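See below for the structure under consideration.
Number of protein chains: 2
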Amino acid sequence: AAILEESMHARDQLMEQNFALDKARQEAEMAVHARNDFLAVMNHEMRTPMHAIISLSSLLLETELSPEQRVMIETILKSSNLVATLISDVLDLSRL
Amino acid sequence: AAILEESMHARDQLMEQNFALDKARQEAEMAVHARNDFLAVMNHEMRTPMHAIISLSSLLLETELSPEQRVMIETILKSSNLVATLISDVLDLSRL
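Chains B and A supply the protein sequences, listed in that same order.
Letter by letter, the first sequence follows residues 310 to 405 in the entry's author numbering.
Letter by letter, the second sequence follows residues 310 to 405 in the entry's author numbering.
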């Protein structure tokens, strides 16, 4: 019955190991959920300035510019378009 | 003992649970890692366009501008500097 004792002890160790695995997974899920919530909540704060820059660079192009100023402003518009788009993609990151 | 058989049976069930859990834990950890990698990719893809916007705005201000172009470009420099920092911070705070 030291055999029984040994069995019951292996049961304790397994139950310990199982809660351990359970804890780890739950921590990960929780941590991800909270960080995604934060990411989602912040999205309009990231996207609004990009929209401001898209509007402005776009409208600058309607004014009289040197050829150099124009290629530089084109690049601002094009860059801000891509960044807006990537920000939009990040908003898909919850939950895809 | 039939007692021992019931003890070993309980041990069996713990091992089955241990295996599902270990798998659930691995899958959760890969999910966390893939999400971190994506946020890093996102940060990577926005950084250079972001820098282009800030840099080009600054340079444009060294050139000959109507007062109207000047107020608009100044707004771009202000806005893009602040949002670059905000985006950088939010993506870092969103990780692990």
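Virtual Cβ for every residue (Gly too), placed ideally from N, Cα, C.
Identity of the residue in the options nearest residue i by Cα
i: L370(B); options: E377(A), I312(A), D401(A) and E338(A); result: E377(A)
i: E354(A); options: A311(B), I396(B), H353(B) and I382(B); result: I396(B)
i: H360(A); options: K387(B), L374(B), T372(B) and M324(B); result: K387(B)
i: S364(B); options: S367(A), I385(A), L368(A) and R356(A); result: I385(A)
i: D401(B); options: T357(B), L348(B) and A333(B); result: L348(B)
i: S389(B); options: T372(B), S366(B), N352(B) and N345(B); result: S366(B)
i: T394(A); options: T372(A), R379(A), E383(A) and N352(A); result: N352(A)
i: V399(A); options: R344(B), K332(B) and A329(B); result: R344(B)
Cβ-Cβ distance between residue i and residue j below 8 Å
i: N327(B); j: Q335(A); result: no
i: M324(A); j: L323(B); result: yes
i: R320(B); j: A319(A); result: yes
i: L330(A); j: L368(B); result: no
i: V341(A); j: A337(B); result: yes
Residue burial classification, residue i (beta-carbon count within 10 angstroms, cutoff 16)
i: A311(A); result: exposed
i: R404(B); result: exposed
i: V392(B); result: buried
i: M381(A); result: buried
i: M317(B); result: exposed
i: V350(A); result: exposed
i: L313(B); result: exposed
Limits of the alpha helix (DSSP H) - the one that residue i falls within
i: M339(B); result: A311 to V350
i: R379(B); result: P376 to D401
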